[PDB]
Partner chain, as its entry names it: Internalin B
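Take a look at this one chain, the form solved without the partner chain, written out in structure tokens.
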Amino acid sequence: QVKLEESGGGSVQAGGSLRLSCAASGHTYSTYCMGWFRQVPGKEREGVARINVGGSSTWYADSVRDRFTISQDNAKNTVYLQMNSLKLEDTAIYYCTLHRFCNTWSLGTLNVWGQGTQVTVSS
């Protein structure tokens, strides 16, 4: 009954920026891990970035650490992904995903999953 509401995707030129947002509801714990994985068609999903809602601990994949910033608004149970300096390689469906525990979050297996947001980076 946890629901993840995703927004902010689109189709943008390389070098440009986007901001994704994800809001969680229906959960029963005050702090938890939330962020994004991404998937290219026909390939396995991979972690992008997370933060603990209600806190300040972040993690980024190597491929995005210089360019993407994740933040949280605890009162809105919302996280944001500021995506700057977009690369052609960044094209994927971006899935908001949640787990109560960040070490579990990274595994994906037990997470709650959003429907996903297409991000297309164009030349």
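Positions refer to the first chain, counted from 1.
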Mean Cα B-factor check, 55 to 63 vs 89 to 97, entry values; winner is 55 to 63
For 101 to 109 versus 21 to 29, entry-based mean Cα B-factors point to 21 to 29
Chain thirds by Cα B factor, record data; residue 76 belongs to the highest
Tertile call for residue 45 (CA temperature factor, within chain, third-based) is the middle
Entry-reported C-alpha B-factor of residue 121 relative to its chain, by third, is middle
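Keep in mind the form deposited with the partner chain bound is missing from the figure; the text below concerns it.
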Proximity of residue 11 to the partner chain in the deposited bound form, heavy atoms at 4.5 Å
no
Practice task
Using the partner position in the deposited bound form, report whether residue 19 sits within 4.5 Å of the partner chain, counting heavy atoms only.
Solution key: no
For this session: Could you confirm whether residue 113 comes within 4.5 Å of the partner chain in the deposited bound form, counting heavy atoms only?
Result: no
| said: I'd like to know whether residue 109 contacts the partner chain in the deposited bound form, with contact meaning heavy atoms within 4.5 angstroms. | reply: yes
